[PDB]
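Read the single chain below, which is given as structure tokens and is the form deposited in one PDB entry.
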């Protein structure tokens, strides 16, 4: 909101060149992957004479002066609630990024999945079957049938969830052992 309307920083010399060169590179090489294009765009930039590189840098320097003005004026007109709101959206964005990043790291390290409850096994073995014109609607049907489920049938799912608790404790022991060895005792359950 306040962060969305906040002036952004100008784009440095190379990225200006890249932004403009990517479409003309993509047009001439349609089935070439973007990584391949950027590799060559970067080459062209490094092979570009400094008389021309400078032109892109001068544009950036002049834009930096517009930005310095725009951000100063923007921050002067912000009320205390808007300043704290801006600070809160920045930190909230930063924490979601940092969370997502650590969830990706833990997945690459091969961290075991947490235990699947008796309800989770019911969702797994009874989702796609149940009526519903949407996944949200299908979960409500599964939840309604989970409540209506007899105590004899609940014991079928309680058992599967008991076997998954055993598999979590065994998998966590090996993973945690492995993590001590890889020098990552910080990841262990305290």
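Positions refer to the first chain, counted from 1.
Taking the mean of the C-alpha B-factors per stretch from the entry, tell me the winner out of 28 to 36 and 41 to 49.
-> Higher of the two, by average CA B-factor, is 28 to 36.
Higher-scoring stretch by recorded Cα B factor average, 139 to 147 or 64 to 72 = Result: 139 to 147.
Would you check the entry's CA temperature factor for residue 56 and let me know if it's in the chain's lowest, middle or highest third?
-> Within its chain, residue 56 is a lowest-third residue by C-alpha B-factor, going by the deposited values.
Compared with the other modelled residues in the chain, in which third is the CA B-factor of residue 165?
-> Lowest third.
Based on the entry's values, in what third of the chain does the Cα temperature factor of residue 190 lie: lowest, middle or highest?
-> Answer is highest: the recorded C-alpha B-factor places it there.
One more form of this protein should be noted, the form deposited in another entry, which is absent from this view; the next part is about it.
If one rigid piece of the chain rotates against another between this form and the one not shown, which among 79, 101, 28, 49 sits on the hinge?
-> Where C-alphas switch their better-fitting rigid part, the residue is 79.
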